[PDB]
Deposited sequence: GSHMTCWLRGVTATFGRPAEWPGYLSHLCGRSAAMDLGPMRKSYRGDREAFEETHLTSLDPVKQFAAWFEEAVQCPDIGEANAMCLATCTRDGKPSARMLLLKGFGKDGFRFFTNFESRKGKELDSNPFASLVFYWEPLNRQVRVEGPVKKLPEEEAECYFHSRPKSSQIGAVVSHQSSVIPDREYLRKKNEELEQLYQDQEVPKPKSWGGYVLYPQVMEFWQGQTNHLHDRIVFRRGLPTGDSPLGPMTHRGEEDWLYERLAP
């Protein structure tokens, strides 16, 4: 029941995530375990957020793909800092991730783009993400038109579409309790309460 520090799994939060992620996949009550909210803001400080999907994670951090000329793409391409929220309601858990964002290698994006379903690939070409359009049939038309063009061919990845990777600086692990005393263990990159994790990671408990 109790989410303890001396319990846990790893003092590396990336490995601790992997542990928590696995349990999320294993829960049949969770649809998309990799569904996350991605928060960005302008250099000025105008925040925005939308749902994404995590597309792989590792030592380098957390990967996700989108249009660069989209609202969030522009926000990142002038203010490369992001936050992530994972929420698993049935497990009553939350993971918050913060850090700077590097654009992924071009040819790496090529590889992934071509592993997506055919329909998904074409969708990326019709859609200038977050741009004003006249009506819904506009999209439906251009889509069926591109289906004809890339009949028995492969869709070239548009220059607009690629990936990002968030290098984690801060990682919170939130475990809700019925007594309202939620367990919060936060990792960041010493005082009597601050402890050392793996590498340059430090962890401490926060009040709920």
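No C-alpha positions are given in the record for the deposited-sequence stretches 1 to 48, 238 to 245.
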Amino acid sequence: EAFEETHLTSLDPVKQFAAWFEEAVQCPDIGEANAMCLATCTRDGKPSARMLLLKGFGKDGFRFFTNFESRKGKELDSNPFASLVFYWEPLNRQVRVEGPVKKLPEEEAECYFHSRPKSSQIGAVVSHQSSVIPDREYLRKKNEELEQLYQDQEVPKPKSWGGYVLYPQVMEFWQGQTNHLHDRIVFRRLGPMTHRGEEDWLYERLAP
From here on, numbers count along this sequence of modelled residues.
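Taking the mean C-alpha B-factor of each stretch as recorded, 91 to 99 and 134 to 142 are not equal, and the higher mean is that of 134 to 142.
As the entry records it, the average C-alpha temperature factor is higher for 148 to 156, out of 148 to 156 and 34 to 42. Among all modelled residues in this chain, the alpha-carbon of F81 has a temperature factor (C-alpha) in the middle third. In the PDB entry, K55 places in the lowest third of its chain by CA B-factor. In the deposited entry, the Cα temperature factor of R71 places it in the lowest third of its chain's modelled residues. For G123, the recorded CA temperature factor ranks within the lowest third of the chain's modelled residues.
Sort the modelled residues of the chain by CA B factor and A19 lands in the lowest third.
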